[PDB]
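As a starting point, one isolated chain is supplied in structure tokens, in the form deposited in one PDB entry.
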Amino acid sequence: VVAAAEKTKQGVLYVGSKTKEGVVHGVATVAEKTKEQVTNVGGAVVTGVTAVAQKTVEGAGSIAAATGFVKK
């Protein structure tokens, strides 16, 4: 999981919303009468109504993420 970035040197953005009675669910784990219920999150979860990302990563950025799960 090797990540790298490099940068060497030598406009209106508009988002609008209008919502009434809005129900938003992200990661949902609903169950009944179980034995093992595991919810492992290691990435990037964005929940909301107006999830807006504008002009991100102007320079150098790394979002290297590693997840695992062992069951024996």
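Residue positions are given as counts along the sequence shown, with the first one as 1. C-alpha atoms forming the largest set that superposes within 1.5 Å between two forms make up the rigid core.
This next part talks about the form deposited in another entry, which is not shown.
Taking the rigid core as fixed, one finds a CA shift for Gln54 of 2 Å or more between the shown form and the other one. After superposition on the rigid core, the Cα of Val23 moves by less than 2 Å between the shown form and the other one. Inter-residue distance, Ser62 to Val41 (Cα): reduced by at least 3 Å in that other deposited form versus the depicted form. Cα-Cα spacing of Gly43 to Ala64 is enlarged in that other deposited form versus the present form (difference of at least 3 Å).
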